[PDB]
Amino acid sequence: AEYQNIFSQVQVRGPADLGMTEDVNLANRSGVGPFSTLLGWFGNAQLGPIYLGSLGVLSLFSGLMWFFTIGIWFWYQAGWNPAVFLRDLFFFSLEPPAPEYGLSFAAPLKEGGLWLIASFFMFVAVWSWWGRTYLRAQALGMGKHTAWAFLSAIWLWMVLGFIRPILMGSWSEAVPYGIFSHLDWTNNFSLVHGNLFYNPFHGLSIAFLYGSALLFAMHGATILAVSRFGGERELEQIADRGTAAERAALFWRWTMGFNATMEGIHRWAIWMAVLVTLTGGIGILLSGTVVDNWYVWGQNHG
Amino acid sequence: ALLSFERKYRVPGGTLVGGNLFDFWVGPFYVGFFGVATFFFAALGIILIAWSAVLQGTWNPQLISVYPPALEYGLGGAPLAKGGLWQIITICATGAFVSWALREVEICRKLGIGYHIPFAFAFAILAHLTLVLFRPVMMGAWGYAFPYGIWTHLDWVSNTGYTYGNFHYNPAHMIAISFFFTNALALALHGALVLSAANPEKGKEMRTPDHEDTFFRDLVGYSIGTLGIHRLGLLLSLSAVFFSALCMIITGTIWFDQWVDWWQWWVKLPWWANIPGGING
Amino acid sequence: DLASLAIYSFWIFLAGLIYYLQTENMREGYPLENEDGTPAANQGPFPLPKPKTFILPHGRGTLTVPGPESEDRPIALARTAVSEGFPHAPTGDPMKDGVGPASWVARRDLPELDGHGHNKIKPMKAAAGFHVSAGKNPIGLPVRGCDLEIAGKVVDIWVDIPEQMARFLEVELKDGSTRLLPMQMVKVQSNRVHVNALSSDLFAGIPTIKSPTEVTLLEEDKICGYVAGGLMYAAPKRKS
Ligand code: BCL
Ligand code: BCL
Ligand code: BCL
Ligand code: BCL
Ligand SMILES: CC[C@H]1c2cc3[nH]c4c(c3C)C(=O)[C@H](C(=O)OC)c4c3nc(cc4[nH]c(cc(n2)[C@@H]1C)c(C(C)=O)c4C)[C@@H](C)[C@@H]3CCC(=O)OC/C=C(\C)CCC[C@@H](C)CCC[C@@H](C)CCCC(C)C
Ligand SMILES: CC[C@H]1c2cc3[nH]c4c(c3C)C(=O)[C@H](C(=O)OC)c4c3nc(cc4[nH]c(cc(n2)[C@@H]1C)c(C(C)=O)c4C)[C@@H](C)[C@@H]3CCC(=O)OC/C=C(\C)CCC[C@@H](C)CCC[C@@H](C)CCCC(C)C
Ligand SMILES: COC(C)(C)C(=O)C/C=C(\C)CC/C=C(\C)CC/C=C(\C)CCCC/C(C)=C/CC[C@@H](C)CC/C=C(\C)CCC=C(C)C
Ligand SMILES: CCCCCCCCCCCC[N+](C)(C)[O-]
Ligand SMILES: CCCCCCCCCCCC[N+](C)(C)[O-]
Ligand SMILES: CCCCCCCCCCCC[N+](C)(C)[O-]
Ligand SMILES: CCCCCCCCCCCC[N+](C)(C)[O-]
Ligand SMILES: [Fe+3]
């Protein structure tokens, strides 16, 4: 066996690394967490520090509130019985208001009110988490790519739980909080819209989802294949092309007739991924607002 | 015809079969014995598809569809116009995929790089073989395979899944999906991170991988690192396809009822099976 | 119909994105060239993008790409055929001349630096606080080449300080000088470090570093190129 570089043969530790400072407010960083030797076979061994300023606390607080609101409902459905709680965990479900409440807050707690409370908490958890994504990059002087990409995922989420429900005139359209119930909702969504396999945005979203696995398999394997020339030091390969970056390009040029650069592969990357949820949100948002049945729409539209 | 840096790498050697016979390029493409093999298998397959097109009616890409033998034929051969073209085309397809992997191996050897790419591609090929070969064979007929057509192959996915109820409930499929979604999450984060470092705020100097580790420690308390993230994308991807192939090879063979009912093993565990309340009592 | 509009727009967007992305990926290695280094007539249908400039940290200057491309080193290879598309044969020893899978690029002859401006990679003995934390410590093991002959002994690990990882083993030879070996090209075993790519006699030919406690990008490329090259060129002396 050549060694394959999937796991490290030797770990090496030094002083806890407290990171770069730039414009970060340091009063907001924890200290370092412990070191995981377990993790260190595969990635970095070090845990933390983490930064938690105000927006981070806010986000984490609603996040947990969203989670606890759901879990209290679950416990209730379980009749406060721990054994029934574990037995039926995947079956419980926090459902939105029935259609007749429309977009209002008039519905009872036990029949939608709670769903709206949990959703409110989710809304602020995520958008504050987005803000934090933008802010931690700014403090460090970095591009805003992470936040722009996160926004593509937030787009699908918004469409599912907020924008499409509002356009359709009721909260009853949104996704319930439960393990099995959300799968049921997904299957139902497709049946009721005459089979999402005919939504061309759905087909596109799939091509990107498969394409992301294709591309990360390609890229992950490529970088490991040239890691014996320092391939994974991609920033310095961008600044000053090495043999790693040349052998990687040429593997692809010789295989399929064209290739990327060390920087440009990351642009192929971010876009293959982001287009999953972008075309996805479009396909969902059109469903039942403009197109009631995709099989039908497809008969009229190539 | 060459990249500016390309010449020094185009030396003889690396080939697995043929010595120097096919050791050359056409424009950008390396050839090798396995480039000849892939051209042959692929050209034949495409020809037979064009033939099969005629035997069926159309030249519309949205209509051309090549169906395997009907179930009546079992695992035997079949007249060409009734499933045989399919069988031959399937052999061509596999022949082309495996040839393409082996040609990728030849390019690795010439370039002095590891074999991770063909090794990864082999997982795609195995999933394909699961659908067209392993599963049909375990089930007793070619006709359980999917047909080759843009839209008809989707019909088969939908039909096959609804044979077992909502296919969401297949637990290996759950894991597969999880890997797909996580892979795409990782891929977005990866591309975004490197680019955010290489393209910083206007006028600033390029960041370093230290900034990349810092960004992520700041954000979630952990950073997997620049080796790790490439390990991770490769693993998430291959694990998605591995579980995909798993979720299908077990369906119609060891499990053939409605997948939602499989989950009863959990709810019927003696300690809690009969306790009243909740959803299942 | 709104959904028709959206899909038609989307395909047009996608065409533009692909164009944008492919031109972004032409910032290195282009314009294409003929085997003799002049511009090829057929550049394909995508033009070069407008230059961008990266600002390098620590006063290292700048990179603008695309820019004038050049190998900046002699390439000891010759045509084996009278037309395009065939291999180019080494004119001397391809390991020593650094071509084929032994190639290296003329990277800058400075060391990579961390975000603090310190040398990114250091021998561990000069790395304050750094030690092996898990797995077999290779320091002290004999080093075996693919000829099953002992080539030397590991005398340290060169580590990446900011990323906390092992990058090279420093191996001492019979003459008491040392060489770096890429961590991805060695197998650490309980009694031994084994090196598949090189036979024992090829260890002395590993390119040497000019200062004993740092390695430059140029040196890393020569070392990594050279050892990866042994997979093809050592082969007369590999038995598994
Ligand atoms: C896309 C179309 C459907 C949909 C269709 C499916 C299908 C189909 C499947 C899933 C599956 C999953 N979906 Mg869903 N899913 C949708 C939208 C969502 C949303 C959301 C906020 O919009 C969430 C949070 C989830 C969450 C989940 C997870 C339970 C699971 C693994 C996801 C994953 O790998 O993510 C990315 C990976 C990460 C590691 C990020 C963080 C991971 C954790 C696990 C997120 C889940 C937390 C959640 C609160 C559960 C814990 C509660 C209990 C203690 C167990 N889905 C929409 C409505 N989803 C799979 C499954 O296993 O279902 C049971 C599955 O087969
Ligand atoms: C994988 C699980 C299912 C399946 C479920 C689905 C579903 C569900 C969807 C598709 C969709 C697609 N699938 Mg399918 N598909 C299967 C197996 C295959 C196989 C195969 C040889 O095994 C192929 C070649 C295809 C090809 C395709 C495409 C027509 C389309 C976009 C895929 C993509 O971008 O992926 C990622 C790869 C890339 C981005 C790289 C480019 C790949 C190109 C586009 C492949 C073109 C193939 C060509 C049209 C036919 C052969 C060409 C010549 C004969 C040589 N599927 C199996 C049976 N497939 C989507 C679609 O729009 O269908 C109409 C869709 O919604
Ligand atoms: C019977 C079921 C229907 C079907 C119904 C649907 C429905 C309905 C939808 C999809 C959607 C999708 N389906 Mg479909 N789908 C079918 C068959 C398929 C098949 C197949 C081979 O058969 C495949 C491969 C797919 C693939 C896909 C994906 C391309 C797409 C979801 C992308 C995504 O990343 O979402 C996962 C990502 C998200 C959900 C974004 C989540 C972002 C938020 C911000 C995360 C919050 C995290 C939260 C706070 C919890 C944190 C906990 C942490 C631990 C801290 N479907 C059949 C026809 N499918 C989605 C779509 O876009 O359709 C166009 C969708 O809504
Ligand atoms: C109504 C339909 C059912 C359902 C029924 C099925 C069925 C049936 C199947 C899946 C399979 C899958 N489903 Mg499901 N699925 C449903 C809902 C979903 C949802 C969702 C959000 O609701 C999602 C995300 C998924 C996701 C998934 C994946 C786990 C998996 C598809 C990937 C794969 O196998 O790749 C593997 C990749 C390949 C097979 C590609 C091989 C490529 C080859 C090697 C090379 C191609 C070369 C080519 C010809 C190109 C040449 C030309 C060049 C372009 C120049 N399903 C619903 C509930 N699902 C499939 C699976 O697991 O397959 C094993 C499967 O068969
Ligand atoms: C581009 C498309 C892909 C995408 C991109 C994407 N997602 C993103 C990003 C990006 C670019 C981020 O930057 C952001 C991030 O920070 O990632 C690390 C993120 C993110 N995507 C996430 C999840 C997610 N993304 C998904 C999908 C996708 N993301 C797409 C495939 C999915 C799917 C497939 O369903 C999920 C589930 C998060 C990890 C993160 C957004 C985090 C966020 O908004 O947090 C708000 C909530 C909280 C801060 C707290 C909630 C805590 C509770 C849920 C409990 C904790 C866990 C519990 C199980 C144990 C502890 C509890 C005990 C007290 C009992
Ligand atoms: C295993 C993880 C993911 C993966 C990995 C992966 N794929 C790969 C690789 C790797 C590592 C390559 O190295 C190789 C490559 O060269 O990429 C550019 C490749 C590849 N994966 C490809 C496609 C592909 N991969 C897919 C998926 C995946 N690939 C997984 C998600 C899919 C999906 C999801 O559907 C597709 C369609 C190609 C771009 C390329 C391999 C090209 C190849 O084999 O060329 C030789 C063969 C031909 C040129 C054509 C053969 C044609 C005929 C024989 C007849 C047609 C057959 C028939 C099956 C048609 C079906 C019609 C459809 C409508 C259903
Ligand atoms: C152990 O017990 C305790 C109590 C400790 C627990 O805490 C246990 C907790 C649990 C067991 C909780 C388990 C949680 C789940 C199973 C949740 C699973 C959730 C999903 C599968 C979510 C899928 C999709 C969710 C979506 C699409 C949400 C979209 C929501 C947003 C778009 C929100 C929109 C906002 C609204 C509607 C608010 C409107 C009002 C305003 C004023 C804005
Ligand atoms: C950033 C990379 C772009 C890759 C694009 C691949 C497109 C695949 C074709 C899917 C066909 C979808 N549709 C709706 C016409 O059915
Ligand atoms: C849907 C996939 C389309 C295939 C894309 C493959 C492009 C390869 C281009 C080869 C370039 C060769 N040449 C002589 C034109 O330079
Ligand atoms: C035919 C024109 C259609 C428009 C397509 C536009 C694609 C541009 C892709 C985004 C480029 C990213 N950038 C430069 C803004 O950072
Ligand atoms: C789905 C992704 C397909 C993207 C295909 C775009 C490839 C263009 C190939 C151009 C290469 C031309 N060349 C060799 C002259 O550089
Ligand atoms: Fe990368």
Side-chain angles (χ1 to χ4, degrees), chain A residues 3-20 32 35-47 220 223-237 242 244, chain B residues 114 190 193-194 197 208-214 216-217 222-235, chain C residues 111-116 118-139 154 156-170 180-188 193 213-215 217 220 223-224 227:
Chain A
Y3 162 68
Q4 288 311 309
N5 209 7
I6 309 298
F7 297 106
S8 292
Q9 306 179 76
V10 195
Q11 315 181 34
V12 104
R13 183 168 309 158
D17 184 330
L18 299 182
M20 301 293 299
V32 73
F35 284 79
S36 176
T37 289
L38 180 73
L39 291 185
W41 293 114
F42 191 78
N44 287 326
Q46 172 177 322
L47 296 188
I223 293 303
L224 296 188
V226 295
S227 69
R228 66 179 64 177
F229 313 102
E232 76 278 26
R233 300 148 60 188
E234 299 179 297
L235 292 175
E236 192 74 22
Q237 293 279 325
Chain B
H190 183 66
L193 186 55
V194 178
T208 63
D210 331 22
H211 296 78
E212 288 178 309
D213 279 334
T214 298
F216 255 89
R217 306 212 257 222
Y222 177 77
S223 164
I224 203 170
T226 67
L227 189 48
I229 182 67
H230 290 104
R231 282 157 172 185
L232 179 62
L234 177 59
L235 163 73
Chain C
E112 189 173 346
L113 296 180
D114 58 31
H116 282 97
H118 299 307
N119 289 359
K120 172 159 170 76
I121 303 172
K122 301 186 164 171
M124 195 172 52
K125 78 192 200 189
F130 278 79
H131 46 97
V132 170
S133 54
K136 173 69 169 172
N137 187 339
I139 287 154
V154 178
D156 205 359
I157 298 165
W158 286 45
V159 302
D160 191 305
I161 280 87
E163 296 197 65
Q164 307 218 355
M165 76 165 279
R167 295 255 180 233
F168 302 87
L169 302 186
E170 185 175 352
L180 307 189
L181 274 168
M183 202 58 222
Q184 308 78 352
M185 303 291 288
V186 307
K187 195 207 288 226
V188 187
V193 175
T213 61
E214 69 174 35
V215 220
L217 298 185
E220 289 189 62
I223 290 162
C224 294
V227 352

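Note: hydrogens, waters and symmetry copies are ignored here, and every other heavy atom, side chains too, is used. Each chain gets a letter, A, B and so on, in the order the sequences are listed, and its residues count up from 1.
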Looking at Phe130(C) and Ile161(C), what are the two nearest heavy atoms and their distance? CZ-O, 3.6 Å

Do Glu170(C) and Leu180(C) come within less than 4.5 Å of each other through their side chains, counting heavy atoms only? yes

One pair to check against side chain to side chain contact (heavy atoms under 4.5 Å, CB included): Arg167(C) and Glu220(C). What are the steps and the verdict? CA-CA 10 Å; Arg167(C) 295 255 180 233; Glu220(C) 289 189 62; 5.5 Å; no

For a side chain to side chain contact (heavy atoms under 4.5 Å, CB included) check, start with the C-alpha distance between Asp114(C) and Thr208(B), then their side-chain angles and the critical distance, and finish with the verdict. CA-CA 7 Å; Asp114(C) 58 31; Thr208(B) 63; over 6 Å; no

Determine the minimum heavy-atom distance between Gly14(A) and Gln164(C), stating which atoms define it. N-OE1, 2.9 Å

Within this structure, what is the NZ-CD distance for the pair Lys187(C) and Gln4(A), rounded to the nearest 0.5 Å? 10.0 Å

Are the side chains of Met183(C) and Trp158(C) in contact, using a 4.5 Å heavy-atom criterion? no

Could you measure the distance from the NE2 atom of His131(C) to the CD1 atom of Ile139(C)? Nearest 0.5 Å is fine. 12.0 Å

Can you check whether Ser133(C) reaches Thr37(A) side chain to side chain, under 4.5 Å on heavy atoms? no

Answer yes or no: is there a donor N or O on one side and an acceptor on the other, between the side chain of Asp210(B) and the main chain of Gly115(C), under 3.5 Å? yes

Please examine the side chains of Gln46(A) and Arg217(B), heavy atoms only from C-beta on, and report whether any two atoms are closer than 4.5 Å. yes

Could you check whether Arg233(A) pairs with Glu212(B) (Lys NZ or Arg NE/NH1/NH2 to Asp/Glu carboxylate O, under 4.0 Å)? no

Which atom names give the shortest non-hydrogen contact between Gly231(A) and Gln237(A), and what distance separates them? O-CG, 4.4 Å

So do the side chains of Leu224(A) and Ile6(A) get within less than 4.5 Å of each other, counting heavy atoms only? yes

Counting C-beta onward and ignoring hydrogens, is there a side-chain heavy-atom pair between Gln9(A) and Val186(C) closer than 4.5 Å? yes

Might you point out which heavy atoms bring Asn119(C) and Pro111(C) nearest each other, and give the distance in Å? OD1-CG, 3.7 Å

Polar side chain donor-acceptor pair, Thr214(B) to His211(B), under 3.5 angstrom: no

Which heavy atom in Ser223(B) sits nearest to a heavy atom in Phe216(B), and how many Å separate them? CB-CB, 3.8 Å

Taking C-beta and beyond as the side chain, do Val132(C) and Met124(C) meet within less than 4.5 Å on heavy atoms? yes

Spatial distance of atom CD1 (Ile223(A)) from atom CZ (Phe229(A)) [nearest 0.5 Å]: 12.0 Å

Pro138(C) and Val188(C): which non-hydrogen atoms are nearest, and at how many Å? CB-CG1, 4.2 Å

Given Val194(B) and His190(B), is the side chain to side chain contact (heavy atoms under 4.5 Å, CB included) satisfied, shown in steps? CA-CA 6 Å; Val194(B) 178; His190(B) 183 66; 3.7 Å; yes

If you round to the nearest 0.5 Å, how far is NZ of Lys125(C) from OG1 of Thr213(C)? 8.0 Å

Can you tell me how the ring of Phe42(A) sits relative to the ring of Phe7(A), calling it parallel under 30°, perpendicular over 60° and tilted otherwise? tilted

Run the side chain to side chain contact (heavy atoms under 4.5 Å, CB included) test on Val32(A) and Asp17(A) for me, step by step, so that the C-alpha distance in whole Å, both residues' side-chain angles and the decisive distance to 0.1 Å come before the verdict. CA-CA 8 Å; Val32(A) 73; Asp17(A) 184 330; over 6 Å; no

Donor-acceptor pair between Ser227(A) and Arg231(B) side chains, under 3.5 angstrom: no

Once you round to the nearest 0.5 Å, how far does CG of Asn44(A) lie from CD of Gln11(A)? 10.0 Å

Would you say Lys120(C) and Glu236(A) make side-chain contact, with heavy atoms under 4.5 Å? no

Quick one: CZ on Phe168(C) to CD1 on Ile121(C), what's the gap to the nearest 0.5 Å? 5.5 Å

Go through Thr226(B) and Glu163(C) one step at a time and tell me if the side chain to side chain donor-acceptor pair (under 3.5 Å) criterion holds. CA-CA 8 Å; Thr226(B) 67; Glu163(C) 296 197 65; 2.7 Å; yes

